[PDB]
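Form deposited in one PDB entry, single chain, as structure tokens, below.
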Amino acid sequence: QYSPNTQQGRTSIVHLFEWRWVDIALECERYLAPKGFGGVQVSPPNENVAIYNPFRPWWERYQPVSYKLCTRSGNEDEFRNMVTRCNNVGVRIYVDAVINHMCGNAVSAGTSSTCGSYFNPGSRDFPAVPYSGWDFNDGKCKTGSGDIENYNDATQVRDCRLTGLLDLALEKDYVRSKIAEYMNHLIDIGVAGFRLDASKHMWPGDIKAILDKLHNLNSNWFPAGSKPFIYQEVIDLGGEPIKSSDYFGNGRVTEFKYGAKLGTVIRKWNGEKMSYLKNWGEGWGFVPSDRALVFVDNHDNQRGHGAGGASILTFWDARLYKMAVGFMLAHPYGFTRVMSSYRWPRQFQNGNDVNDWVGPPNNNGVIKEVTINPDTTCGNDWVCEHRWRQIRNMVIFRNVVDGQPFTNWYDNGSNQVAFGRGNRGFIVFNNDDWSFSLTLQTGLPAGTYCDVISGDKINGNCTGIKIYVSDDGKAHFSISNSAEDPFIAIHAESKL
């Protein structure tokens, strides 16, 4: 469950948040495969409630009605087509599995679902699965409201309703079997793994019981004996009875302390400095690297819905965001996930965004297609951070230095630091309010290298900054605090 099952040489997955299946399929072929991306995390592919108040919010997809592959992203045929086409070019698909619960207990009964399935939350009736009243934890929860009221009580966190979402009785073999039936269907279609949504709200043992019912990956694309990659969403920032280590036996876990701490250091909050990142990783109290799934921001906290707070960096803070994402994929710790979002009308009132519910770009509820501009950027309000040169080139940087150790670290005691990865890569950062100009030891072979942040290596030439490494591995680096990207990165494949 710990191995991503990505093609050899690909070290990152991208979250194509709310993208349609047809758009992901051609993105796999036209960009992800040739640019070296390892895989794609897709939005929940199962039928969900259609919420019209507010109008089609992104979170309606986290309120299941059935396990039919039928959503605003597309139908089962479109989904299968995407998985086949992506796998055929070596790009894996990881599904966001919403298995802790069904929809809100207060939602009106009827057929307001992504494709007409009838459901009645009030009577706990979900005929399209099917699920009934004795398949939920209503009689198990011990809180007065029936919802989770205190995270300091590990029992209610697992047996009660998260914000009113009907809680499935995961201890029942019947329920475990229906969820496995759904996941095995996806596995047999060709998916390489899953993000277990709201894992903190499930008992580690119940999760394990479900995973024990899962098939090996499809033998038409993966080697015999391959197990699905599992990463559990557990928000553990340090002050609760539930620990992410409790889930190490089921697979990897999301390390939310990563993005929260990185945002604080890069923003230079409460006296933090980039020089403190020399021992970044377990040294900062993070989970073991081989159990960690890291990221700068996710679909929740980029809009204030999860954990991380105001320190979280996002595409809105473009300059600092590129630096954060750059440091993340240059650093050896964990398995990296890059975010890809859409633009929404952020309206901050009293410090809070009142439009944090706005769903994907659309026309009358119909999600807009991802259009590509001549400069390779996206239109139709899709941000496509994975297509930004600075991020895309760092994704390749991680592939190139895969396996190389962390070395040749340098820092000015403030916010100017640098380090290399064996003899295949070197990266320099300037986050101080003054210029950086110094000769550093890169550990790289002599030669001329193209900076992959300011440009690219095209036709035996660099379109941006050029670095010259001498016979002793030394090289001079100059970064003004006024640079549009205050960091330079060079690697073995950027050598001229």
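Just so we're on the same page, rigid core means the largest C-alpha set that superposes within 1.5 Å between forms. All residue numbers are counted from 1 along the displayed sequence.
The same protein also has a form deposited in another entry, omitted here; what follows describes it.
Of the residues listed here (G304, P288, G164, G422), only one shifts its CA by 2 angstroms or more between this form and the one not shown after fitting on the rigid core, and it is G304.
Once you line up the core between this form and the one not shown, the Cα of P54 ends up 2 Å or more from where it was. With the core held fixed, the Cα of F315 is displaced between this form and the one not shown by 2 Å or more. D197: CA moves less than 2 Å between this form and the one not shown after rigid-core fitting. A change of 3 Å or more separates the two forms for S435 and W316: their C-alpha atoms lie closer together in that other deposited form. The distance between the CA atoms of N298 and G259 is at least 3 Å shorter in that other deposited form than in the form shown here.
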